[PDB]
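One structure is given below, encoded as structure tokens.
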Amino acid sequence: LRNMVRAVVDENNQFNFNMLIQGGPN
Amino acid sequence: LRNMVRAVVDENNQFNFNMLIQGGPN
Amino acid sequence: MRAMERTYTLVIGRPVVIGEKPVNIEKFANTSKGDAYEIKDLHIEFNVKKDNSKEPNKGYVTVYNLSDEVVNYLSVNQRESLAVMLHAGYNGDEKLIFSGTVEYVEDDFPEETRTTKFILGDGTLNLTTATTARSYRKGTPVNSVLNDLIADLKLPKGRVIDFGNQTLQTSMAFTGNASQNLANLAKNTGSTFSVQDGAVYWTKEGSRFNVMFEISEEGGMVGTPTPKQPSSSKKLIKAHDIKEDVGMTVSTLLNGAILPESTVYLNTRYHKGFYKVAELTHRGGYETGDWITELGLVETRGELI
Amino acid sequence: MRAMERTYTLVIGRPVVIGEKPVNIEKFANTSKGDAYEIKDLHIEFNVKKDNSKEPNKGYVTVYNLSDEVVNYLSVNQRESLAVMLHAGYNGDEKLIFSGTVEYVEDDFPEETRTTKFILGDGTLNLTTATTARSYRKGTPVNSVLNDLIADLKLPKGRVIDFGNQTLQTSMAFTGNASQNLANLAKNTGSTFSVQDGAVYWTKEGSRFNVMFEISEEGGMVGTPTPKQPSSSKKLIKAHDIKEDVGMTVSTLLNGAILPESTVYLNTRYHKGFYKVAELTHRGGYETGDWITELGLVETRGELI
Amino acid sequence: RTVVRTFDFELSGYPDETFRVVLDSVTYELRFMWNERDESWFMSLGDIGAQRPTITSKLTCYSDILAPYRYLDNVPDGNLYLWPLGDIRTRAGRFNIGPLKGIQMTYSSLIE
Amino acid sequence: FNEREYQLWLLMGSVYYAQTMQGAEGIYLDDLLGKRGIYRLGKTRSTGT
Amino acid sequence: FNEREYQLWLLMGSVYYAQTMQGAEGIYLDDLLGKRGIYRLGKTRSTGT
Amino acid sequence: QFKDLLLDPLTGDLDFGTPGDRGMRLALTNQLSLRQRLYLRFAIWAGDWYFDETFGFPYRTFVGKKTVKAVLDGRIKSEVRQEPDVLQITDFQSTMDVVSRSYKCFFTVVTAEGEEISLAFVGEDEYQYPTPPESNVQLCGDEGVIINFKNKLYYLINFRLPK
Amino acid sequence: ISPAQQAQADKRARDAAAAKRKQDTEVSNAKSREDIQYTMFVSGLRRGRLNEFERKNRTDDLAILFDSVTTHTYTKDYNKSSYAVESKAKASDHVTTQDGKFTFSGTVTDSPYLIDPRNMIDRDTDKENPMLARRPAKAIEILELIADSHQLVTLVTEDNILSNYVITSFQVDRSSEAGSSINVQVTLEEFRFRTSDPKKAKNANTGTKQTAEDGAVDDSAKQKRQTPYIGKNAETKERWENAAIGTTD
Amino acid sequence: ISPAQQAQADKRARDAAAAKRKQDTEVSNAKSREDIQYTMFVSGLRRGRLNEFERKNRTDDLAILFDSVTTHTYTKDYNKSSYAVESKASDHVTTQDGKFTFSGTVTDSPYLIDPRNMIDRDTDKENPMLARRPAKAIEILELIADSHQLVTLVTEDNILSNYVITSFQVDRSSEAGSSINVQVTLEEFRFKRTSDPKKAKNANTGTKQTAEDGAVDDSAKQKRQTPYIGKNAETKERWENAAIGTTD
Amino acid sequence: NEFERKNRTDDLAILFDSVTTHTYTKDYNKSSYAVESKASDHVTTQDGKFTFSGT
């Protein structure tokens with residue numbers, strides 16, 4: 001069942017990475 | 001059931017936001 | 001006799017190209033073939049948050065069992081920013097609910113069901129690359145500086161409240177991203193700056209605009225309002241006084257004709273009065289899930305601009 | 001007749017001590033008593049991610065019901081960096097899958113079952129403490145600067161692509177951690193620098209190395225490949241052009257003989273062609289769980305170095 | 001004008017194929033349309049996401065398709081030809097295009 | 001009514017390329033290369049010793 | 001029906017005019033003189049001493 | 001339409017042809033190809049061909065053992081349907097003699113015929129490129145235009161007078 | 001171990017491997033034939049539906065009949081959403097339709113009464129010697145082929161006709177209670193949704209395409225040899241391709 | 001393969017595709033007209049419920065009667081906080097949707113064939129079994145459920161309205177041959193243009209773009225402008241181009 | 001026919017004094033969401049099970 005939880009945690013981490021790293025010319 | 005997990009993830013995000021942004025005069 | 005059933009539409013257009021004039025996502029809807037790839041009757045889950053701050057509004061979407069042709073069209077353009085629009089409503093009309101560019105896209109197809117993912121940004125490209133280089137001398141009217149910087153940002157002006165006869169007290173220089181410089185001018189002049197669904201909104205903190213929306217049991221309210229603090233921290237106080245500091249929360253059936261900077265009237269049995277809007281979150285599960293919107297309200301104490 | 005069953009081995013050695021020559025984790029395996037503490041037939045769960053970037057590759061491990069002697073040996077050395085190696089395969093051979101130092105260790109023993117935890121780093125100690133202080137004048141050949149800085153890092157050279165007759169255009173100075181300075185030289189010269197399983201890899205972006213690996217249903221593939229963007233954000237484009245910007249994803253049964261900088265050939269029924277590797281993740285559950293590896297591929301558009 | 005073979009094409013025969021290809025490190029999108037009365041393939045070439053194709057032409061054997069168009073910044077400078085693998089008299093068809101189907105559509109790039 | 005003009009459009013498209021370096025066929029091909037003084041070879045008889 | 005048919009005549013006239021020397025413009029000019037076996041030049045480079 | 005070297009149905013050697021047209025031939029008609037594809041599939045005992053251990057028929061299981069007729073027929077009838085272009089099996093007369101211990105079955109298989117997709121790899125071409133004119137005919141006209149007109153006039157003069 | 005035992009080990013690999021090849025290739029043959037349709041006659045055959053059983057030719061339209069069908073059932077389902085209101089009650093919102101499920105039970109006996117050759121099970125069954133024809137066995141290898149090839153089955157029931165149903169599970173029980181027969185149960189669900197004229201075809205897409213894997217340029221990547229030409233029309237080709245195409249070097 | 005099969009695969013695709021056009025079309029129009037109102041009569045009838053049964057016509061207020069109904073049950077649910085309240089705080093309770101279920105049967109040998117029943121719209125009087133009544137009922141049942149009609153139930157004691165069907169089951173067991181057992185389940189529905197201007201209220205439609213394929217939207221999709229029918233080309237022409245211009 | 005093939009050293013065979021019942025079953029699964037349309041690849045095959053009782 002931990003499989004279900006790991007997926008949601010992974011998605012939240014993905015969203016946070018996107019929030020930090022976005023747009024920009026570099 | 002993902003409803004239950006999203007709530008806990010949201011609460012953890014709230015705690016982290018509070019930890020970063022607290023006190024201060026500005 | 002029918003029931004009251006949900007409906008929606010999702011459109012994908014040409015890559016967005018920034019030029020030397022304000023960008024309108026509307027005109028990029030049509031594809032080279034003409035009509036765009038419309039997706040109507042497929043289970044969709046989406047979450048769209050909106051706010052009044054520097055950062056753009058971002059929304060997430062998921063679609064199950066897409067045809068191979070559509071996925072192929074997105075395998076291409078992975079270097080480019082496709083324009084996307086989303087609509088939702090109740091079986092008789094659909095209101096625009098989000099418009100932006102596809103920041104991210106990925107596909108996972110384990111055995112039974114493929115699941116496409118999206119991350120959309122409301123004007124992310126413009127807000128994060130519009131450079132500026134401007135300067136002014138002592139005596140310049142502040143109302144001129146504001147207009148000069150916004151035109152640089154290359155976005156339509158949704159609404160602006162000019163400063164009047166204000167004048168700069170010291171020489172100023174601005175470089176880097178235009179959005180960052182404007183967000184700094186907000187702090188020192190009590191003004192709120194935030195782009196939303198392509199529209200630039202510049203208003204003044206504390207003050208609010210008529211009853212553009214009324215909330216009541218007839219208006220599809222969901223549960224009673226509850227008081228919730230508008231920030232996750234408390235500031236030290238002298239106990240500008242006009243600033244925010246209070247709020248409430250409400251939930252309602254999905255209604256895309258609402259924006260963070262609007263004004264709402266709350267007609268309940270306990271709470272009654274006028275409030276500003278500060279935050280929005282749209283959720284949706286077509287076959288299974290909620291179809292509601294959540295509003296974070298903030299009390300106002302300024303003049304009725 | 002047998003079945004096809006999993007096997008693995010885990011080894012723990014002496015504390016790692018950095019000196020005045022390249023560090024090899026191989027020679028620290030033997031303990032003062034000689035043979036190392038080997039753990040074979042105990043349920044183990046591990047996750048090991050690898051990449052081509054500044055940060056080291058880190059892997060996590062969990063072991064259930066360890067003997068008290070082994071736990072005692074780790075209660076000691078808690079101030080020191082024990083060397084650890086991990087092996088995995090299928091009942092006939094085991095390929096090296098990770099090697100590094102024990103960054104963290106903790107034990108929780110609630111009632112029925114103890115559960116030991118580990119966090120391992122691939123060369124973390126060297127990459128985060130190797131200081132440098134170097135300078136060069138106008139006219140110095142860039143090929144000399146690269147070799148000088150790598151020798152400072154004190155790691156074996158897995159593979160390097162020299163710059164040719166390139167020369168510095170301006171005077172340069174380097175201080176602080178050597179890894180950080182090298183990672184900055186990467187941006188301005190289109191080169192990729194990343195340490196992995198103790199080996200230093202310096203290559204050029206866009207270009208790729210033969211078919212060192214072929215993926216097909218015979219090669220234990222798991223599901224069809226799907227297109228996934230190699231980054232969580234999109235960059236503005238002129239529409240160096242040679243840079244990455246596209247990729248795909250594949251999954252396969254556990255196979256430790258693969259590295260991020262290698263090259264693979266994809267023989268499926270839909271997708272066919274050559275790709276670079278960009279990311280790896282090894283998962284494993286001995287008694288229960290997957291025993292597979294996930295590869296993130298990136299399209300290439302440069303010369304065949 | 002030394003040139004080296006660097007790419008080959010194949011067609012599944014679908015009358016309205018469209019796909020993206022990379023040539024000389026640059027990327028282009030191609031469209032192929034089948035004509036019934038003239039029994040020939042019509043090729044359109046343009047930039048990714050372009051409103052209209054830059055070049056449109058009819059495919060034929062042993063004819064330099066790009067000859068009159070090597071003066072634009074978005075057109076490959078190489079050579080595009082169709083020549084047969086079997087009997088020399090065979091003309092381009094619908095299903096006979098490919099590395100082993102009978103007709104070899106190929107792109108070659110000059111050495112610089 | 002509509003399907004017929006599809007044939008007309010296809011034939012018109014075929015006509016246009018008849019006067020280009022590519023697309024010429026049959027009789028029309030001779031005119032294009034006839035400008036450069038090259039003509040097709042007819043039936044030939046094998047020769048040998 | 002006549003309006004739909006009329007476009008066919010207009011298209012034919014445009015095709016004829018597009019291929020005449022007087023009406024040659026842009027790319028269409030390249031095709032016509034291309035039929036002669038010559039092509040327009042490109043980015044040319046300087047020569048010094 | 002599977003092409004392959006033609007095997008003579010009468011002898012089993014390659015079909016070099018009649019003495020008047022000796023040479024080599026390829027199996028073109030689907031019937032001929034399927035015939036030899038079944039013949040080889042049934043003639044090679046299972047496991048006896050190197051480079052492919054899984055090909056062939058397992059005769060050793062049945063021959064030399066006391067076996068049930070019904071089981072053998074199923075396997076015989078199953079190997080046939082491994083070819084992707086077999087429509088059906090019409091009839092099956094399986095008979096066994098206990099005195100001589102011999103077994104002999106009869107049956108037929110139905111298969112359709114397809115098209116050739118492309119003639120590029122086989123022999124001929126289907127087009128009719130034109131023939132260049134001869135002599136000054138192009139620049140000055142042709143005499144046949146006179147001959148045909150004369151013939152038309154003569155035949156019309158023939159028609160009107162009753163015959 | 002011994003050298004002789006190596007031969008025994010080899011037998012395991014061959015026979016076990018050969019078994020899956022027969023199963024795997026046969027399944028591959030299915031999903032390749034699109035001119036074949038399977039229909040099951042659960043009931044109604046003797047009442048009106050005889051009209052549809054006559055249309056099937058044993059070659060591309062096939063009928064599945066069962067010696068006896070004990071029971072069959074049909075159940076469609078729908079989902080209803082509900083949200084709460086401030087009046088301490090609950091309201092309702094749109095609803096959805098959840099496809100549909102069908103199940104039935106039947107039996108195949110080793111002593112049939114009605115042996116109709118038109119039934120596709122009785123393709124080869126002997127008229128006068130039924131029990132040795134192995135009817136119970138002959139039904140498993142045909143039912144399993146349909147299910148594992150993901151055929152879209154059509155059910156002709158007496159009450160109605162259903163189409164686009166996919167088998168999900170089935171059972172076969174040779175309990176000692178009956179013997180000489182197999183008890184069969186099946187379940188299905190509604191799977192609710194090149195050539196051809198250019199007129200009807202529309203704009204398709206294929207996405208990014210790499211070099212073709214059937215011809216040269218891949219060999220240079222795979223490090224192989226280019227295929228020599230067959231000589232015909234030499235000295236005419238070589239002059240032109242070598243000048244207009246060149247060689248991969 | 002051969003062309004003979006290509007002429008066969010098309011038949012397999014054509015006939016199968018025709019099935020959706022039949023079933024999928026019927027539900028579409030069934031939802032496109034809200035005038036029709038379906039009703040069900042479970043028991044109730046002979047205890048004075050005939051007063052409203054006679055009101056049902058054959059075009060708008062369709063009625064359904066089963067050959068027999070064995071049992072029907074009605075139930076409601078509520079929930080409350082499981083933690084001690086702070087004290088009166090009687091608001092800690094919520095109401096769920098009431099459920100209704102029943103079992104019935106349709107037989108090939110009916111005893112009452114009253115034509116007012118919509119099952120017996122065009123059933124033969126002298127040969128009920130050739131009319132195939134059980135098939136008539138199923139065809140009706142799926143259409144009502146698929147279109148999501150708000151059904152009204154007339155029962156022994158009370159009358160229920162705004163109930164939607166969520167599931168039903170049909171089977172033909174070996175026993176009770178020549179008949180079908182039917183089960184149904186329903187739940188409440190808390191439901192909450194050409195209209196009188198006096199009843200109109202301010203509404204909203206959000207942001208809107210170019211509407212429908214017009215003279216301007218055609219340009220966006222690269223469609224060619226629709227030619228104007230020359231009913232009159234003397235008056236508007238001089239003014240239309242000068243004042244409105246052309247999309248270009 | 002094949003029972004007699006079994007020797008006493010390599011192809012060992014097991015026979016029970018009595019077998020009462022044996023059952024064989026296979027399973028498949030499909031997407032529960034409407035497909036985009038032919039997209040007949042939305043199905044997977046599970047492993048077949050076999051059980052029996054003896055004495």
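Ligands are numbered from 1 in the order shown, chains are lettered A, B, ... in the order of the structure tokens, and residues start at 1 in each chain.
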
Can you tell me which residues surround residue 18 (chain E) at a distance of at most 6 Å, considering only C-alpha atoms, apart from same-chain residues fewer than 5 positions away, and format the answer as a list in words?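 Near residue 18 (chain E), the qualifying residues are residues 30 and 31 of chain E; 205 of chain I.
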
Print the selection's residues with C-alpha atoms to a file, as a PDB file, in the first residue's frame.
ATOM      1  CA  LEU E  30       6.997  17.151 -43.409  1.00  0.00           C
ATOM      2  CA  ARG E  31       3.596  16.415 -44.941  1.00  0.00           C
TER       3      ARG E  31
ATOM      4  CA  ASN I 205       0.346  12.422 -37.207  1.00  0.00           C
TER       5      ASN I 205
END

Neighbours of chain F in chain I at 12 Å, counting only C-alpha atoms, as a ChimeraX atom specification: /I:198-200

Neighbour list for region 84-96 of chain E as a ChimeraX atom specification, cut-off 9 Å, only C-alpha atoms, skip fewer than 4 positions in-chain: /E:11-15,34,39-41,59-62,100-105 /H:117-127 /I:229,232-233

Please dump the current selection as a PDB file, in the first residue's frame; keep C-alpha atoms.
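What ended up in result20.pdb:
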ATOM      1  CA  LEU E  11       6.345   5.755 -45.949  1.00  0.00           C
ATOM      2  CA  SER E  12       3.546   3.567 -44.617  1.00  0.00           C
ATOM      3  CA  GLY E  13       1.243   4.459 -47.516  1.00  0.00           C
ATOM      4  CA  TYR E  14      -1.296   6.408 -45.475  1.00  0.00           C
ATOM      5  CA  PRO E  15      -2.542   9.210 -47.763  1.00  0.00           C
ATOM      6  CA  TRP E  34      -1.341  11.147 -52.169  1.00  0.00           C
ATOM      7  CA  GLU E  39      -0.824   8.835 -58.740  1.00  0.00           C
ATOM      8  CA  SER E  40       2.048  10.769 -57.155  1.00  0.00           C
ATOM      9  CA  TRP E  41       3.192  11.976 -53.747  1.00  0.00           C
ATOM     10  CA  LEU E  59       8.124  13.820 -55.993  1.00  0.00           C
ATOM     11  CA  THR E  60       9.813  12.177 -58.977  1.00  0.00           C
ATOM     12  CA  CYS E  61      12.735   9.831 -59.544  1.00  0.00           C
ATOM     13  CA  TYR E  62      16.259  11.132 -60.226  1.00  0.00           C
ATOM     14  CA  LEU E 100      13.569  -2.400 -49.261  1.00  0.00           C
ATOM     15  CA  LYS E 101      10.187  -1.742 -50.921  1.00  0.00           C
ATOM     16  CA  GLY E 102      11.752  -0.717 -54.244  1.00  0.00           C
ATOM     17  CA  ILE E 103      12.358   3.041 -54.042  1.00  0.00           C
ATOM     18  CA  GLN E 104      15.011   4.599 -51.800  1.00  0.00           C
ATOM     19  CA  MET E 105      14.165   8.128 -50.704  1.00  0.00           C
TER      20      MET E 105
ATOM     21  CA  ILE H 117       1.766  -5.104 -54.255  1.00  0.00           C
ATOM     22  CA  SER H 118       4.765  -4.175 -56.430  1.00  0.00           C
ATOM     23  CA  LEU H 119       6.420  -5.485 -59.591  1.00  0.00           C
ATOM     24  CA  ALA H 120       9.697  -3.605 -59.053  1.00  0.00           C
ATOM     25  CA  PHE H 121      11.568  -6.772 -58.022  1.00  0.00           C
ATOM     26  CA  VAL H 122      10.046  -9.090 -60.648  1.00  0.00           C
ATOM     27  CA  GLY H 123      10.821  -8.847 -64.333  1.00  0.00           C
ATOM     28  CA  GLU H 124       8.602  -6.353 -66.125  1.00  0.00           C
ATOM     29  CA  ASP H 125       7.129  -2.856 -65.961  1.00  0.00           C
ATOM     30  CA  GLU H 126       3.536  -1.793 -66.599  1.00  0.00           C
ATOM     31  CA  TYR H 127       4.055   1.615 -68.240  1.00  0.00           C
TER      32      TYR H 127
ATOM     33  CA  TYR I 229      24.518  -4.147 -55.295  1.00  0.00           C
ATOM     34  CA  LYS I 232      22.509  -4.935 -63.080  1.00  0.00           C
ATOM     35  CA  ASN I 233      22.793  -1.661 -65.015  1.00  0.00           C
TER      36      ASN I 233
END

Please report as CSV every residue of chain C lying within 10 Å of chain D, along with the nearest atom pair and their distance in Å (one decimal), using only C-alpha atoms.
residue,atom,partner,partner_atom,distance
C:17,CA,D:239,CA,8.2
C:18,CA,D:236,CA,9.8
C:71,CA,D:227,CA,8.8
C:72,CA,D:227,CA,9.0
C:74,CA,D:227,CA,9.1
C:75,CA,D:227,CA,6.3
C:76,CA,D:246,CA,9.3
C:77,CA,D:246,CA,9.7
C:78,CA,D:246,CA,6.8
C:79,CA,D:245,CA,6.2
C:80,CA,D:234,CA,7.7
C:81,CA,D:234,CA,7.7
C:101,CA,D:234,CA,9.9
C:102,CA,D:234,CA,8.6
C:103,CA,D:233,CA,5.6
C:104,CA,D:232,CA,5.9
C:105,CA,D:229,CA,6.2
C:106,CA,D:228,CA,4.2
C:107,CA,D:228,CA,5.8
C:108,CA,D:226,CA,6.2
C:109,CA,D:226,CA,6.9
C:110,CA,D:223,CA,6.3
C:111,CA,D:223,CA,6.8
C:114,CA,D:226,CA,9.5
C:116,CA,D:228,CA,9.8
C:117,CA,D:228,CA,9.7
C:119,CA,D:232,CA,8.9
C:124,CA,D:234,CA,9.9
C:125,CA,D:236,CA,7.4
C:126,CA,D:236,CA,9.8
C:128,CA,D:236,CA,9.7
C:129,CA,D:236,CA,8.2

Would you mind writing down, as a PyMOL selection string, each residue of region 36-143 of chain C that DSSP on the backbone assigns to strand (DSSP E)? chain C and resi 37-39+44-51+58-64+82-89+94-108+115-121+131-136

Residues flagged alpha helix (DSSP H) by DSSP in region 10-206 of chain C, as a PyMOL selection string: chain C and resi 68-75+124-127+142-153+178-187

Neighbours of residue 263 (chain D) within 12 Å (only C-alpha atoms; same-chain residues fewer than 2 positions away dropped), as a count of residues only? 32

Dump as a list in words the residues of chain E that approach chain F to within 9 Å, counting only C-alpha atoms.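 Output check: residues 35, 36, 37, 38, 40, 57, 58, 59, 60, 61, 63, 64, 65, 67 and 68 of chain E.
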
Output N, CA and C atoms for every residue in the selection just made, as a PDB file, in the first residue's frame.
ATOM      1  N   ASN E  35      -2.025  11.805 -54.402  1.00  0.00           N
ATOM      2  CA  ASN E  35      -2.915  12.301 -55.441  1.00  0.00           C
ATOM      3  C   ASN E  35      -3.430  11.117 -56.249  1.00  0.00           C
ATOM      4  N   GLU E  36      -4.754  11.020 -56.383  1.00  0.00           N
ATOM      5  CA  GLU E  36      -5.351   9.875 -57.064  1.00  0.00           C
ATOM      6  C   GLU E  36      -5.141   9.956 -58.570  1.00  0.00           C
ATOM      7  N   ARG E  37      -5.630  11.031 -59.195  1.00  0.00           N
ATOM      8  CA  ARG E  37      -5.573  11.122 -60.651  1.00  0.00           C
ATOM      9  C   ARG E  37      -4.141  11.097 -61.166  1.00  0.00           C
ATOM     10  N   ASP E  38      -3.224  11.774 -60.482  1.00  0.00           N
ATOM     11  CA  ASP E  38      -1.833  11.842 -60.904  1.00  0.00           C
ATOM     12  C   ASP E  38      -0.968  10.758 -60.272  1.00  0.00           C
ATOM     13  N   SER E  40       0.736  10.298 -57.563  1.00  0.00           N
ATOM     14  CA  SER E  40       2.048  10.769 -57.155  1.00  0.00           C
ATOM     15  C   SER E  40       1.963  11.361 -55.757  1.00  0.00           C
ATOM     16  N   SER E  57       6.211  20.587 -53.436  1.00  0.00           N
ATOM     17  CA  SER E  57       6.695  20.069 -54.707  1.00  0.00           C
ATOM     18  C   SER E  57       6.166  18.655 -54.898  1.00  0.00           C
ATOM     19  N   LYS E  58       6.286  18.170 -56.131  1.00  0.00           N
ATOM     20  CA  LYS E  58       5.863  16.828 -56.501  1.00  0.00           C
ATOM     21  C   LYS E  58       7.089  15.931 -56.605  1.00  0.00           C
ATOM     22  N   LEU E  59       6.989  14.729 -56.047  1.00  0.00           N
ATOM     23  CA  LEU E  59       8.124  13.820 -55.993  1.00  0.00           C
ATOM     24  C   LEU E  59       8.265  13.041 -57.293  1.00  0.00           C
ATOM     25  N   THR E  60       9.502  12.941 -57.778  1.00  0.00           N
ATOM     26  CA  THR E  60       9.813  12.177 -58.977  1.00  0.00           C
ATOM     27  C   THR E  60      11.210  11.586 -58.837  1.00  0.00           C
ATOM     28  N   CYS E  61      11.480  10.560 -59.638  1.00  0.00           N
ATOM     29  CA  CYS E  61      12.735   9.831 -59.544  1.00  0.00           C
ATOM     30  C   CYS E  61      13.855  10.565 -60.271  1.00  0.00           C
ATOM     31  N   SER E  63      15.272  13.334 -59.799  1.00  0.00           N
ATOM     32  CA  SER E  63      15.138  14.779 -59.934  1.00  0.00           C
ATOM     33  C   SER E  63      15.533  15.449 -58.625  1.00  0.00           C
ATOM     34  N   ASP E  64      16.382  16.469 -58.716  1.00  0.00           N
ATOM     35  CA  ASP E  64      16.829  17.208 -57.537  1.00  0.00           C
ATOM     36  C   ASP E  64      15.683  18.088 -57.055  1.00  0.00           C
ATOM     37  N   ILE E  65      15.038  17.671 -55.963  1.00  0.00           N
ATOM     38  CA  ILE E  65      13.845  18.368 -55.493  1.00  0.00           C
ATOM     39  C   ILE E  65      14.186  19.762 -54.978  1.00  0.00           C
ATOM     40  N   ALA E  67      16.734  21.722 -55.691  1.00  0.00           N
ATOM     41  CA  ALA E  67      17.643  22.487 -56.535  1.00  0.00           C
ATOM     42  C   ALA E  67      17.311  23.976 -56.549  1.00  0.00           C
ATOM     43  N   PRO E  68      16.090  24.376 -56.912  1.00  0.00           N
ATOM     44  CA  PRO E  68      15.786  25.806 -57.033  1.00  0.00           C
ATOM     45  C   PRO E  68      15.523  26.517 -55.716  1.00  0.00           C
TER      46      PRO E  68
END
